[PDB]
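Just below is one structure, and these are the notes that go with it.
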Amino acid sequence: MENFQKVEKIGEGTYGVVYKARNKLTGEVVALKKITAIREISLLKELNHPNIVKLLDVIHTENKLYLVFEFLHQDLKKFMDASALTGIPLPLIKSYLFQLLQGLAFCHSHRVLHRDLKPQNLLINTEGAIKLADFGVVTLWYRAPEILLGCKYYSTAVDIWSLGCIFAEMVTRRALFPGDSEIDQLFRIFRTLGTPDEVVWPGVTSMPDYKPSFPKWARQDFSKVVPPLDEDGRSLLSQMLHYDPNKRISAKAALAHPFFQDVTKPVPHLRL
Ligand SMILES: COc1ccc(CNc2nc(N(CCO)CCO)nc3c2ncn3C(C)C)cc1
């Protein structure tokens, strides 16, 4: 800590308080998060990708672990709130979706999962880049149904489900499944995608928190769920939201989806 001057608190991430800070020697401006774990965290220092927020240093000292990250100037939640009157332009949505899928394809190839993707953890800069941060009231809005049903050994698919939920929210300007308890989160999912059964998700009825007494709701039409997203966007979103984690599209396969045939990298309008 003595090598860093706090400039301001910018957040309380899940694992602790985050400060913007300046390195007293390097002059570098960084984000400092103050929080088996040593060895895992050290392995993250190697997982470098242009769409992953760089972890610069891990400082263990005195019952405190500090993590020093590259600093970005805005998060997607704030940008979404800033762009709510007009909406984020489709080409920028597609570019951010495509970049995030590149980040996930990289992490998943190294068998690292995020598990807690949410707009506040997706960070943007003036050049049109978006990056995944801060790998794992707690928000449930992005949690995959297998996690909600008590699967202990869930997979990379959970991150595809969270990113699908964020893709829908960029497009409609409303959270897709804004649950305020675990059951309300699961029932919001069922009310929109249909209560899952053995046909669409083999094994579902033997999940730890599955109850036969769950209400059975009909699936709704996607054209009702994300207007005015085009047929290619809806097709991709449907594959990122399949109930069975084994049928859910991978990040690698999503990158090849026809929705990205015309992807580009627009500059966002950022007011810092
Ligand atoms: C004037 O206040 C602000 C507020 C937010 C930002 C946006 N930059 C960053 N925001 C956040 N978080 C706050 C989310 O709003 C925590 C994410 O878990 N973590 C970062 C940032 N840059 C690097 N890191 C690492 C710790 C990952 C800038 C300035």
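Labels used: A, B, ... for chains in the order of the structure tokens, numbers from 1 for residues in each chain, and numbers from 1 for ligands as shown.
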For chain A versus ligand 1, which residues have an atom no more than 9 Å away, and what is each residue's nearest atom pair and distance in Å rounded to one decimal, using only C-alpha atoms and all ligand atoms, chain-then-number order, as CSV?
```
residue,atom,partner,partner_atom_place_in_ligand_line,distance
A:8,CA,ligand 1,1 (C),7.2
A:9,CA,ligand 1,2 (O),7.0
A:10,CA,ligand 1,4 (C),4.3
A:11,CA,ligand 1,13 (C),4.3
A:12,CA,ligand 1,16 (C),6.4
A:13,CA,ligand 1,18 (O),4.3
A:14,CA,ligand 1,18 (O),7.0
A:15,CA,ligand 1,18 (O),8.4
A:16,CA,ligand 1,18 (O),8.9
A:17,CA,ligand 1,16 (C),8.2
A:18,CA,ligand 1,26 (C),5.7
A:19,CA,ligand 1,26 (C),7.6
A:20,CA,ligand 1,29 (C),7.1
A:30,CA,ligand 1,23 (C),7.0
A:31,CA,ligand 1,23 (C),4.8
A:32,CA,ligand 1,26 (C),6.0
A:33,CA,ligand 1,26 (C),5.5
A:53,CA,ligand 1,27 (C),6.1
A:54,CA,ligand 1,27 (C),8.1
A:55,CA,ligand 1,27 (C),8.0
A:67,CA,ligand 1,26 (C),7.7
A:68,CA,ligand 1,26 (C),7.3
A:69,CA,ligand 1,25 (C),5.2
A:70,CA,ligand 1,23 (C),5.5
A:71,CA,ligand 1,22 (N),3.8
A:72,CA,ligand 1,22 (N),4.1
A:73,CA,ligand 1,28 (C),4.4
A:74,CA,ligand 1,7 (C),3.9
A:75,CA,ligand 1,7 (C),4.7
A:76,CA,ligand 1,15 (O),8.1
A:77,CA,ligand 1,15 (O),7.4
A:78,CA,ligand 1,15 (O),7.4
A:119,CA,ligand 1,14 (C),8.4
A:120,CA,ligand 1,14 (C),4.7
A:121,CA,ligand 1,17 (C),4.6
A:122,CA,ligand 1,17 (C),7.5
A:123,CA,ligand 1,8 (N),6.2
A:124,CA,ligand 1,7 (C),7.8
A:132,CA,ligand 1,27 (C),8.0
A:133,CA,ligand 1,27 (C),4.6
A:134,CA,ligand 1,27 (C),5.0
A:135,CA,ligand 1,18 (O),8.4
A:272,CA,ligand 1,1 (C),8.3
```
Atoms to include: N, CA and C atoms. Write the selected residues as a compact mmCIF listing (two decimals), in the first residue's frame.
```
# COMPACT_ATOMS: atom_id res chain seq x y z
N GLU A 8 -9.40 7.62 -5.48
CA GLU A 8 -10.80 7.51 -5.08
C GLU A 8 -11.26 6.08 -5.04
N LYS A 9 -12.27 5.82 -4.21
CA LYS A 9 -12.97 4.56 -4.19
C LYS A 9 -13.73 4.51 -5.47
N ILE A 10 -13.63 3.44 -6.22
CA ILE A 10 -14.52 3.34 -7.35
C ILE A 10 -15.59 2.30 -7.29
N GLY A 11 -15.55 1.45 -6.26
CA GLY A 11 -16.44 0.31 -6.27
C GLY A 11 -16.25 -0.54 -5.04
N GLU A 12 -17.28 -1.32 -4.73
CA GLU A 12 -17.12 -2.49 -3.90
C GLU A 12 -17.52 -3.69 -4.75
N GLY A 13 -16.50 -4.30 -5.37
CA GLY A 13 -16.61 -5.61 -6.03
C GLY A 13 -16.91 -6.68 -4.99
N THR A 14 -17.24 -7.89 -5.44
CA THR A 14 -17.68 -8.96 -4.53
C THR A 14 -16.64 -9.32 -3.45
N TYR A 15 -15.37 -9.37 -3.86
CA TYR A 15 -14.27 -9.79 -3.01
C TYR A 15 -13.61 -8.64 -2.21
N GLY A 16 -14.04 -7.39 -2.41
CA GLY A 16 -13.63 -6.27 -1.57
C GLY A 16 -13.64 -4.93 -2.28
N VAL A 17 -13.12 -3.92 -1.60
CA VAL A 17 -13.22 -2.54 -2.05
C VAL A 17 -12.22 -2.29 -3.20
N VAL A 18 -12.64 -1.51 -4.21
CA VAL A 18 -11.74 -1.21 -5.36
C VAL A 18 -11.44 0.29 -5.39
N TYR A 19 -10.14 0.67 -5.44
CA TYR A 19 -9.74 2.06 -5.50
C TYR A 19 -9.03 2.37 -6.81
N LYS A 20 -9.25 3.56 -7.35
CA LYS A 20 -8.33 4.05 -8.38
C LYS A 20 -7.11 4.54 -7.58
N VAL A 30 -3.72 2.78 -11.75
CA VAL A 30 -4.15 1.39 -11.65
C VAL A 30 -5.44 1.31 -10.87
N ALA A 31 -6.03 0.10 -10.84
CA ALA A 31 -7.16 -0.14 -9.96
C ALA A 31 -6.65 -1.16 -8.92
N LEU A 32 -6.89 -0.84 -7.66
CA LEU A 32 -6.36 -1.67 -6.52
C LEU A 32 -7.54 -2.27 -5.84
N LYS A 33 -7.60 -3.58 -5.81
CA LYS A 33 -8.68 -4.24 -5.08
C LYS A 33 -8.12 -4.80 -3.78
N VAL A 53 -9.25 -7.96 -18.40
CA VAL A 53 -8.56 -6.92 -17.63
C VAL A 53 -7.20 -7.45 -17.04
N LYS A 54 -6.09 -6.78 -17.37
CA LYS A 54 -4.80 -7.35 -16.94
C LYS A 54 -4.60 -7.28 -15.42
N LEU A 55 -4.20 -8.41 -14.87
CA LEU A 55 -3.84 -8.42 -13.45
C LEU A 55 -2.34 -8.15 -13.42
N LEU A 67 -4.94 -6.79 -5.08
CA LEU A 67 -4.71 -7.18 -6.45
C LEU A 67 -4.61 -5.88 -7.23
N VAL A 68 -3.61 -5.77 -8.11
CA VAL A 68 -3.35 -4.50 -8.82
C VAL A 68 -3.72 -4.81 -10.26
N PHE A 69 -4.68 -4.05 -10.81
CA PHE A 69 -5.21 -4.33 -12.14
C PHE A 69 -4.93 -3.11 -13.02
N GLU A 70 -4.82 -3.32 -14.33
CA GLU A 70 -4.99 -2.16 -15.23
C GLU A 70 -6.34 -1.45 -14.96
N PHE A 71 -6.35 -0.15 -15.14
CA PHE A 71 -7.51 0.65 -14.87
C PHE A 71 -8.25 0.96 -16.18
N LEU A 72 -9.57 0.75 -16.20
CA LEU A 72 -10.42 1.22 -17.30
C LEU A 72 -11.34 2.34 -16.87
N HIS A 73 -11.78 3.25 -17.79
CA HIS A 73 -12.50 4.41 -17.29
C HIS A 73 -13.97 4.32 -17.10
N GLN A 74 -14.57 3.20 -17.58
CA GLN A 74 -16.02 3.09 -17.39
C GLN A 74 -16.43 1.65 -17.40
N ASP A 75 -17.56 1.39 -16.71
CA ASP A 75 -18.07 0.00 -16.78
C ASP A 75 -19.36 -0.01 -17.62
N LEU A 76 -19.75 -1.20 -18.05
CA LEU A 76 -20.86 -1.30 -19.01
C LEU A 76 -22.16 -0.93 -18.36
N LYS A 77 -22.33 -1.22 -17.07
CA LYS A 77 -23.56 -0.79 -16.37
C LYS A 77 -23.74 0.71 -16.50
N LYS A 78 -22.67 1.46 -16.20
CA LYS A 78 -22.80 2.95 -16.30
C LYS A 78 -23.08 3.40 -17.75
N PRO A 119 -22.99 -6.69 -15.95
CA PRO A 119 -22.56 -5.46 -16.64
C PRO A 119 -21.52 -4.68 -15.84
N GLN A 120 -21.62 -4.72 -14.52
CA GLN A 120 -20.65 -3.96 -13.69
C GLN A 120 -19.24 -4.49 -13.74
N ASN A 121 -19.08 -5.74 -14.15
CA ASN A 121 -17.77 -6.42 -14.32
C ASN A 121 -17.27 -6.35 -15.72
N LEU A 122 -17.96 -5.65 -16.65
CA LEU A 122 -17.49 -5.56 -18.03
C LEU A 122 -17.05 -4.08 -18.21
N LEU A 123 -15.78 -3.89 -18.58
CA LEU A 123 -15.14 -2.56 -18.55
C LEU A 123 -14.74 -2.08 -19.93
N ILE A 124 -14.96 -0.78 -20.20
CA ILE A 124 -14.82 -0.30 -21.56
C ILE A 124 -13.81 0.87 -21.58
N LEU A 132 -13.30 -8.29 -19.88
CA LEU A 132 -13.85 -9.05 -18.73
C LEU A 132 -13.03 -8.81 -17.45
N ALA A 133 -13.68 -8.43 -16.34
CA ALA A 133 -12.97 -8.18 -15.07
C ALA A 133 -13.37 -9.18 -14.03
N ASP A 134 -12.46 -9.34 -13.08
CA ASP A 134 -12.81 -9.67 -11.72
C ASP A 134 -13.48 -10.99 -11.72
N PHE A 135 -12.74 -11.96 -12.20
CA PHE A 135 -13.09 -13.36 -12.19
C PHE A 135 -13.42 -13.92 -10.81
N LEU A 272 -16.32 11.02 -19.90
CA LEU A 272 -15.59 10.69 -18.68
C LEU A 272 -15.47 11.89 -17.76
```
Problem - For range 143-151 of chain A: contacts at 8 Å, only C-alpha atoms, fewer than 5 positions along chain excluded, given as a list in words - result: residues 116, 158, 159, 161, 162, 182, 186, 189, 207, 208, 209, 210, 243 and 245 of chain A
Practice task
Could you tell me, as a ChimeraX atom specification, which residues of range 102-195 of chain A DSSP assigns to strand (DSSP E) when given the backbone?
Solution key: /A:122-124,130-132
Written file, previous selection with N, CA and C atoms, as a PDB file, in the first residue's frame:
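Below is the file that was written, result34.pdb:
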```
ATOM      1  N   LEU A 122     -17.957  -5.646 -16.652  1.00  0.00           N
ATOM      2  CA  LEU A 122     -17.491  -5.563 -18.029  1.00  0.00           C
ATOM      3  C   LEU A 122     -17.050  -4.078 -18.207  1.00  0.00           C
ATOM      4  N   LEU A 123     -15.775  -3.894 -18.584  1.00  0.00           N
ATOM      5  CA  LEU A 123     -15.141  -2.558 -18.547  1.00  0.00           C
ATOM      6  C   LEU A 123     -14.744  -2.081 -19.933  1.00  0.00           C
ATOM      7  N   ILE A 124     -14.961  -0.780 -20.202  1.00  0.00           N
ATOM      8  CA  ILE A 124     -14.820  -0.295 -21.556  1.00  0.00           C
ATOM      9  C   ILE A 124     -13.809   0.867 -21.582  1.00  0.00           C
ATOM     10  N   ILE A 130     -13.783  -3.778 -24.999  1.00  0.00           N
ATOM     11  CA  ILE A 130     -14.519  -4.120 -23.746  1.00  0.00           C
ATOM     12  C   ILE A 130     -13.756  -5.284 -23.161  1.00  0.00           C
ATOM     13  N   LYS A 131     -13.684  -5.347 -21.838  1.00  0.00           N
ATOM     14  CA  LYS A 131     -12.858  -6.377 -21.195  1.00  0.00           C
ATOM     15  C   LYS A 131     -13.580  -7.002 -20.045  1.00  0.00           C
ATOM     16  N   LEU A 132     -13.304  -8.291 -19.876  1.00  0.00           N
ATOM     17  CA  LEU A 132     -13.854  -9.051 -18.734  1.00  0.00           C
ATOM     18  C   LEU A 132     -13.027  -8.808 -17.453  1.00  0.00           C
TER      19      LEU A 132
END
```
Exercise for the section: Would you mind reading off the distance between CA of residue 25 in chain A and CA of residue 50 in chain A, one decimal, in Å? Expected result: 25.4 Å
Problem - All residues 8 Å or closer to residue 5 in chain A, only C-alpha atoms, same chain fewer than 3 positions away omitted, as a ChimeraX atom specification - result: /A:1-2,21-24
Pull C-alpha atoms from the residues just selected and write them as a compact mmCIF listing (two decimals), in the first residue's frame.
```txt
# COMPACT_ATOMS: atom_id res chain seq x y z
CA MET A 1 0.00 0.00 0.00
CA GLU A 2 2.79 2.53 0.62
CA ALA A 21 -4.69 4.58 -7.35
CA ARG A 22 -1.35 5.87 -8.65
CA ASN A 23 1.94 3.93 -8.41
CA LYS A 24 4.31 6.24 -6.42
```
Exercise for the section: To one decimal in Å, tell me the separation between CA of residue 79 in chain A and CA of residue 270 in chain A. Expected result: 7.8 Å
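Between CA of residue 236 in chain A and CA of residue 157 in chain A the interatomic distance comes to 14.2 Å.
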